[PDB]
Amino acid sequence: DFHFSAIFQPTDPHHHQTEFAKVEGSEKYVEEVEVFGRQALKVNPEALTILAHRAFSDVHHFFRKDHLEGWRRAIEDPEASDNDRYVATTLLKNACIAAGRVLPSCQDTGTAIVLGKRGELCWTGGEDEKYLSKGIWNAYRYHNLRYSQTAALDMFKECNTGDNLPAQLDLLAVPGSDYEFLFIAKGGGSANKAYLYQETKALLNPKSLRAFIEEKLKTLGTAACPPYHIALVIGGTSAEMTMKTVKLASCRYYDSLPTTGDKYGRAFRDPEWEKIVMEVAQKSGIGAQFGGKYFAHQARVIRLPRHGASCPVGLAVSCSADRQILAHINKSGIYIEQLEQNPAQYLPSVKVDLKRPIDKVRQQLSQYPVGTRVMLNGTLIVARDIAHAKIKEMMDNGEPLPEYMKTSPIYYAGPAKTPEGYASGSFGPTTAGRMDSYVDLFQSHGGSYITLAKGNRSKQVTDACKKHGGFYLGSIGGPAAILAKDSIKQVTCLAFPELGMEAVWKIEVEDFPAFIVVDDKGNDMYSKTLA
């Protein structure tokens, strides 16, 4: 009566649908052997270093076809909004610059995540975590990436690790003699849009589930740089299993799952509800960041078994910095997924002078409604999470709001490392909502009247800008390389240099595009689509 049924039964478990290139000469790192009658593979652990280094180098300069096709679709679709096409064109042009292998596609080169599947008879010497980490360390140290990891010295005292370690190393024990991998360079803001809901049987009917999807999609907002790859997981054997599954779904790792369930509880993709998710995304009007049809590239919906008392639900996105790369080691060597190296084949405003007293800039912005495109020319002061927290603490101790918060628009951003001979490394915006708790306070103390970042913000920011005569400008989210190449002319560290990329910067910019998202009158570009 016993019948074993694996929860996940992909028809393409080894991802034969993906194209791989072999690392030249890498057969020297492997040797097929036969031990106690079974075929085994000896793997020099240096192969893990070589592989992780190339994976976390390639993934920052190239994209998958399904991602690039989505941007082209947003440009060519007659039903796309003007802003849809503008954002998608900008992101495609950014990808063309990133393909030069100098500037990464996003300033947030992400957390390094490794999903590894080591066969029973794949023998590495066992130090896999160290050798993978060395390859990751090499990639972030010797390329123009960013150190984004924050170590906790105690509960509240933190420092940057200075090398983008530690990585997340999830190494699984599986049958066979190969070693199979998924490498993910996961952006922080898209990682933040991984949500867990604890639901019930009352959700599991067509009307309730549709309404749930409509409600939860809006909570993604534009804070993770859409168009999104949207993943939705209904059910699971635990919260952590649901959230792992929705991460992998967003990487299209489970595309080959069955599409029907059975009495043993196997996982399945649900194409009918993927289409419903896409209908909700298109009809939302949220669009590719600034209103339209292209909130989502595509959708993945996976239905999982559940304890009768339980219904965990996971929702997650892959952002414009859609960065994953499959790989495997076998008796022939090291194979790595081939990304698109020629993204160019997929391609088919009010001037604001910042070199003035800030009150004159505010006066000019007050002449325009939300949704107006602007082009900024002049100085920006750059500050994000830790700098804002340190400045609030200073004011709580009776110190003034610093002069540099009162002279220029505040750009929420943290740069990647500067290539030799370049004025700036990749340097796109940070999610604005994380700074919302500071805006009324800083404006009440005479600063932060104009902020520049990406993503929709909470009502407290709209209220603050109306009370204090402020503005929130939305940069396009994601196009960090083209912003650096074309707009950023000078970069200087202003304060808190120990914070690394989170230091306060002073930058000089030209032709920096943005939209007026929140004005000084109570209006919000997102008030209709993200209410």
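In this text, the rigid core denotes the largest set of C-alpha atoms whose superposition between the two forms falls within 1.5 Å. Residue numbers here begin at 1 and follow the sequence given.
Remark: when the other structures in 4 other deposited structures of this protein are fitted onto this one via the rigid core, 391 to 399 deviates more than the alternative among 441 to 449 and 391 to 399, judged by RMS CA distance. Comparing 401 to 409 with 186 to 194 in 4 other deposited structures of this protein, after superposition on the rigid core, the stretch with the greater RMS C-alpha deviation is 401 to 409. In the deposited entry, the stretch joining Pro348 to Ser349 is interrupted by 10 or more residues of the deposited sequence lacking coordinates. Averaged over CA atoms, B-factors in the entry run higher in 367 to 375 than in the other of 157 to 165 and 367 to 375.
Of the two segments examined, 350 to 358 and 178 to 186, it is 350 to 358 that shows the higher average Cα temperature factor in the deposited entry. The PDB entry gives the largest Cα B-factor of the residues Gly119, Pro415, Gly398, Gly110 to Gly398. Within the listed group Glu337, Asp170, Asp436, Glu127, the record reports its top CA B-factor for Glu127. In the deposited entry, the Cα temperature factor of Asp270 sits in the middle third of values across the chain's modelled residues. Ranked within its chain, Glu502 lands in the lowest third, by CA B factor from the PDB record.
In this PDB entry, the Cα temperature factor of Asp385 sits in the bottom third of its chain's modelled residues, the lowest group. Ranked by C-alpha B-factor against the other modelled residues of its chain, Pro78 falls in the highest third. For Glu420, the recorded CA temperature factor ranks within the highest third of the chain's modelled residues.
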